[PDB]
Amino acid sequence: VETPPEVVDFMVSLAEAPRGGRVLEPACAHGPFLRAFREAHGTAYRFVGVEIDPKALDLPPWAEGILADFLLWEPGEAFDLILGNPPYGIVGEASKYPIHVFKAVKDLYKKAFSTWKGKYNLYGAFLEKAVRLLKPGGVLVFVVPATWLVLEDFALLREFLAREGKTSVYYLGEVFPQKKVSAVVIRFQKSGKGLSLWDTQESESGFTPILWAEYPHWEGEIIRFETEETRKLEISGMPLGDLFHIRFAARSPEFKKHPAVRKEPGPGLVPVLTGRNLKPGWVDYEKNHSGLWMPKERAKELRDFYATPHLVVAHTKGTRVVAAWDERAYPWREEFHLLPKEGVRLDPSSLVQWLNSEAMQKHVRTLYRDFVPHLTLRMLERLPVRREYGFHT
């Protein structure tokens, strides 16, 4: 893993430390952030680097190198500045997840970190650990994925940061070559409060920050790139979550173990549908992408709503809204399934057209950009629907 020079230079320009102050790089390896800070600001600081792998630790004689797990590390004194590129990844089984430690080690992480939620992430834990090691008024500058701005797993982290000091977020995007990650820079100071959102422009000279919006009373709410247009559209109709009960499909293991499900086609058997069967405005009932077949009438045994024709919205097609009416009522292995609430009048074909419209695609791309490769529930439930498509009596 190597952070591009223009990304490092941009983060160092945001970094601050008092003279003689303690500067720390977690997961430092050879320590590119300590070197860049020293070149820019001088030698009159106490430079420290923390690294877990003895093969990776290679710091110059002017920096103190510590062989330790940063997440379970207990230093004597706190730090004035913390900067760097933390490792990213979910801790779990090797067949599914990239971070592999003993169960007892993961238990030590869960115990240490109050923001740990769901599967969580290594970079979330690094963020909380760094804030806890900061002096009052201390500065943190990290480069992390943009996923923590919107996702539920990071709700406690967002609430934590809003409570501990003031936050600036700088959107970079996919700035790491051969790494599938949309990145942001977080500047945190352990004093004051509020959130500042920034866009960036890339030139040959580096990255230039452009102020987008300020949220002085930010309490840990989902972070979005709002405009005059997005606000206008949102108050034009009811939120989609107010009109529909939104459920997700049964998961692959539920189908695989179910006695009615077959691994091969046959008489009376029908394909279990995935996201590859869902298109803007229609459903492909013929193609099988899951490798699973079952009787259509037996679908209600996994989820009761599989027996009722309903609205299906896509989950893994990037940040966009792809919808279709499932007229036939098939078994689904993926996607959102929207069941109208009591007293809700709807026009299925008109609502599908609105959800697939270019106005809606632009709406979600403005707010959520490419933070995640999904349309999430929290994005979906906030989508505006006017009386022409769905009415609540």
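The numbering used is simple: start at 1 and walk along the sequence shown. Under this definition, the rigid core comprises the largest set of C-alpha atoms superposing within 1.5 Å between the forms.
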item	value
Segment of greater CA departure in 6 other deposited structures of this protein, 202-210 or 268-276, core superposed	202-210
Between stretches 381-389 and 368-376, more displaced by Cα RMS in 6 other deposited structures of this protein (rigid core superposition)	381-389
147-155 or 205-213, whichever carries the higher mean Cα B-factor	205-213
111-119 versus 192-200 - greater average Cα B-factor per the deposited record	192-200
Identity of residue with top Cα B-factor, from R369, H374, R22, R378	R22
Out of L161, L140, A250, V175, highest CA B-factor residue	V175
Third of the chain, ranked by Cα B-factor, where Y330 sits	lowest
Chain-wide C-alpha B factor ranking for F79, given as lowest, middle or highest third	highest
Within-chain third of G266 by Cα B-factor, per the entry	highest
Chain thirds of CA B-factor: placement of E128	lowest
Within-chain third of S95 by Cα B-factor, per the entry	lowest
